[PDB]
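In the block that follows, a single chain appears as structure tokens, in the form deposited in one PDB entry.
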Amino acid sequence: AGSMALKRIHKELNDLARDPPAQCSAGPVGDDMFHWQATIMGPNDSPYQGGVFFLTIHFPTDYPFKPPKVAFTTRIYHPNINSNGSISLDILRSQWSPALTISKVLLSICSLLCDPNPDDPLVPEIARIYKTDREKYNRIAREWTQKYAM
């Protein structure tokens, strides 16, 4: 019913625990299997290197047929992530499929950290800097990672 969602989330949790990705980690916040916390590790060779970014994840009651709600709780300087921690990733909206898993979602966000999408930006002002002065962008992103992510 929603017992169905729970069954699926337990399954994803078991899969994660068996072999978790190196660049991210996730599990229930407390005793509510619908409410998870995640860490995304700043990628190597990025201005986010060394950062640990915390995310909130809420699974809907008819998972896996709607996507999870996922937002950054750590501040991050990125053209595809806004001040609400809201994340611009198609798989979190129109492109979700019950085939996908939470690990796939976090790996997509790791990948987004490595490779921003400045031509279809959530935050135009950051994309502008990314596109015209990548060095300043790396400066500011590094500074935020030091302020907020360690």
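Just count from 1 along the sequence shown to find any residue number.
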| item | value |
| --- | --- |
| Entry-level comparison of average CA B-factors, 114 to 122 and 23 to 31, reporting the higher stretch | 114 to 122 |
| Mean C-alpha B-factor comparison - 66 to 74 and 32 to 40, higher one | 66 to 74 |
| Residue selected from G51, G85, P60, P98 by maximal Cα B factor | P98 |
| Modelled-residue ranking by C-alpha temperature factor, third containing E12 | lowest |
| Third of the chain, ranked by Cα B-factor, where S94 sits | highest |
| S46, C-alpha B-factor rank within chain (lowest, middle or highest third) | highest |
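The following text describes the form solved in complex with a partner chain, which does not appear among the structures shown.
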query	finding
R139, heavy atom within 4.5 angstroms of its partner chain in the deposited bound form	no
In the deposited bound form, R8 touching its partner chain (heavy atom, 4.5 Å)	yes
